[PDB]
Structure formats: C-alpha cells, structure tokens
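Asker: In the order they appear, the protein sequences are chains A and B.
By the deposited numbering, the letter at position 21 of the first sequence is numbered 21, and the numbering carries on one by one without gaps.
By the deposited numbering, the letter at position 41 of the second sequence is numbered 41, and the numbering carries on one by one without gaps.
2 protein chains.
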Amino acid sequence: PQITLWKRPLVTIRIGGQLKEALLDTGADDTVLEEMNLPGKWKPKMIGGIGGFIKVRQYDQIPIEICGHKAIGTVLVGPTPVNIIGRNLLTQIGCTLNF
Amino acid sequence: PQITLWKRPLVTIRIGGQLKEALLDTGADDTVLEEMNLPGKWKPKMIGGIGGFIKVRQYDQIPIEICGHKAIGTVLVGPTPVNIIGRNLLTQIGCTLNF
Ligand SMILES: CC(C)CN(C[C@@H](O)[C@H](Cc1ccccc1)NC(=O)c1cccc(O)c1)S(=O)(=O)c1ccc2ncsc2c1
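(1) Could you tell me the alpha carbon to alpha carbon distance between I84(A) and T74(A), rounded to whole angstroms?
(2) Which first and last residues belong to the beta strand (DSSP E) in which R87(B) is found?
(3) Could you name the residues of chain B that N98(A) contacts, counting a contact when the two beta carbons are closer than 8 Å?
(4) For the region 5-18 of chain B, which residues have a beta carbon sitting closer than 9 Å to at least one beta carbon of chain A?
(5) Cβ of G52(A) within 7 Å of any heavy atom in ligand 1?
(6) Give the secondary structure of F99(A) by DSSP, where H, G and I count as helix, E and B as strand, and everything else as coil.
(7) Whole angstroms are fine: how far does the CA of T31(A) sit from the CA of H69(B)?
(8) For a test of your reading of the model: does the CB of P63(B) fall under 7 Å from any non-hydrogen atom of ligand 1? Yes or no.
(9) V82(A) lies in the beta strand (DSSP E); which residues open and close that run?
(10) Please tell me whether, using a cut-off of 7 Å, the distance from the CB of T4(B) to the nearest non-hydrogen atom of ligand 1 is below it.
(11) Measure the alpha-carbon distance for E21(A) versus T80(A) and round it to whole angstroms.
(12) Could one say the Cβ of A71(B) lies closer than 8 Å to chain A's Cβ atoms, at least one of them?
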C-alpha cells in the first residue's frame with residue numbers, strides 16, 4: 001500500500017502467532033519491540049535513541065509479517081516507548097520513501 | 001523521488017543560512033533539530049524516545065526547505081544526536097511510505 005503521514009504509520013504485525021501494532025519508523029536502524037517472550041537464544045545488545053542508550057535482547061532470524069508482507073530478521077526486545085519497525089525489516093518488505 | 005532504506009534516509013535541509021543533513025523520519029511526530037540559535041519566541045518542551053527524554057525549545061512557523069520542497073512549521077531545537085524531519089513537515093513535502 002501507499003501510506004500518508006498525517007497520522008502515525010502504525011501497522012498490524014504478526015510475530016509468533018501474536019498480533020501487535022508497530023510503527024513504521026524510517027529513522028530507526030533496528031526493529032525494536034516492547035517486552036515480550038520470543039523463543040531461542042538471544043544476545044545482550046545496547047542501542048541508542050534520542051534520550052540515551054538502553055539494553056535490549058537481540059533475537060536473530062525471526063519471522064514477522066508486516067501488514068501482510070513477510071520478513072525474517074533481527075528483532076530487538078527492550079524498553080522502547082513503542083513497537084517500531086526499522087530499516088532492517090523495512091528494506092525486506094520493499095518499503096520506500098516517496099515524494 | 002524514491003528513497004530506499006538500505007542506508008539512513010539523510011537529505012539536505014535549509015533553515016536560514018544553515019544547510020544541514022537531516023533524517024526523513026516517519027517515526028517522528030515532530031521535527032527535532034540539533035542546537036541552533038534561531039530568532040524569535042519559543043516554549044520549553046520535553047520529548048521522549050529510546051533512552052528517555054530530552055529538553056527542547058519549540059519554535060513555531062519556521063520556514064524550512066527540504067530537498068527543494070518548501071515547508072513551514074514547528075521545529076523543536078535541542079540536544080538531539082541527529083537532525084530529524086518529522087511528520088509535521090513530511091506531509092508538507094508530499095512524503096509517503098510505499099510497499
Ligand atoms: C523511537 C521513536 C518512536 C521516536 N524517535 C524517532 C526514531 O526514528 C529515532 C530517530 C533517531 C533518534 C536519535 C538518533 C538517531 C535517530 N530513532 C531511534 O530511536 C533509533 C535510531 C537508531 C537505532 C535504533 O535502534 C533506534 S525519536 O527520535 O525519539 C522522536 C522523534 C520525534 C518526536 N516527536 C515527538 S516525540 C518524538 C520522538
């Protein structure tokens with residue numbers, strides 16, 4: 001689809017059979033989800049945002065379906081203010097900026 | 001134009017006699033610029049993201065040129081690590097997400 005920006009670009013995602021709302025976030029390098037359980041090994045990671053750095057858990061090769069489009073890649077889990085889909089998965093689903 | 005997201009969507013913006021590189025950021029409600037001594041009235045504000053909150057100064061009705069497209073609107077000025085063009089201005093230059 002084409003998504004305008006007068007409202008937050010929130011989309012439904014499907015991850016581990018669970019539905020969540022997440023923000024399509026072109027300013028984010030990474031995909032970062034609020035606290036949740038995911039299966040498998042994770043690695044401790046630190047990332048930086050506007051307010052400083054936080055600790056996250058890094059899960060690799062996680063399937064997520066974003067607004068009906070399939071991605072498999074890195075998902076970080078931690079104290080993000082909102083679920084965000086970043087460029088690592090935005091590229092997988094073929095998302096571009098257009099004006 | 002179409003901007004892919006393999007790399008950060010940085011573009012050149014102009015605000016007065018200052019050209020700066022800024023992120024086209026669909027995840028940002030508001031436009032946040034690195035410290036600069038803009039003329040005119042402003043109001044204090046705090047905005048939050050990954051890592052917590054920062055203190056910014058809100059300036060209203062500031063003209064900004066973004067890739068040769070004219071915009072005018074609210075700009076938040078503060079200790080952000082990157083210049084961020086938010087939805088308030090992305091809409092004005094006709095920016096959409098597409099996949
Ligand atoms: C986390 C998001 C919900 C919000 N952030 C926008 C993200 O795209 C930020 C942009 C950014 C900030 C600092 C440095 C670089 C880029 N991106 C990230 O937090 C982010 C960046 C890189 C990696 C990563 O994992 C996350 S934001 O920058 O924190 C932001 C911006 C505008 C705004 N207006 C009102 S509240 C508000 C918050």
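Ideal Cβ placement from N, Cα and C applies to all residues, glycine included.
Answerer: So, to answer that:
(1) 12 Å
(2) From DSSP, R87(B) is part of no beta strand (DSSP E) but of the alpha helix (DSSP H) over 87-90.
(3) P1, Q2, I3, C95, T96, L97, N98
(4) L5, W6, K7, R8, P9
(5) no
(6) coil
(7) 30 Å
(8) no
(9) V82(A) -> no beta strand (DSSP E), and no H or E assigned at all.
(10) no
(11) 13 Å
(12) no
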